[PDB]
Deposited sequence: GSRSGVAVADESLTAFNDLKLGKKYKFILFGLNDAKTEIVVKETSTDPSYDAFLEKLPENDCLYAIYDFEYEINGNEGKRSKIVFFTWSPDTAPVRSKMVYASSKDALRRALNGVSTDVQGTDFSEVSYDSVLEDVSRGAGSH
């Protein structure tokens, strides 16, 4: 599958303009391209977590800001593939991931999310700041 132009534009606007705090991406209906499913300017990490589907897959880019010894920001890429998502969805999202991820320059951190503990604020804060 391919990456929709709109997906790269969204990413550039987040990267260069801080236009969004996060972007959710997903396959279009035809399974032919990765499109933008949702964007948000909400600074609360919970507003991102509450958008993660129980039984479906997605990709996300999150502009994660944190304290250093001022502040720093790192762009985090997520795959979200919960155990209860259909196995065919998990597989098509997995085979299609590189199409999106390879097209994105300036990602600092990659998260492979399969459950809440792997995408929690504390785990991700640990990933961006300490690893």
item	value
Deposited residues without C-alpha coordinates, grouped into stretches that follow sequence order	1-5, 75-77, 140-143
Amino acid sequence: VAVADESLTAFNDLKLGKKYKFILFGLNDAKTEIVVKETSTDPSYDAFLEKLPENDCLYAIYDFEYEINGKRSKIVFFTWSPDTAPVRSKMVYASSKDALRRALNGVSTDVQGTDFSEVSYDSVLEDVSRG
From here on, numbers count along this sequence of modelled residues.
{"property": "117-125 set against 18-26, stretch whose average Cα temperature factor tops the other in the entry", "result": "117-125"}
{"property": "Comparing 101-109 with 57-65, the one whose average Cα B-factor in the PDB entry is higher", "result": "101-109"}
{"property": "Deposited CA B-factor, highest of 90, 37, 74, 51", "result": "90"}
{"property": "Residue 41 by Cα B-factor - lowest, middle or highest third of the modelled chain", "result": "lowest"}
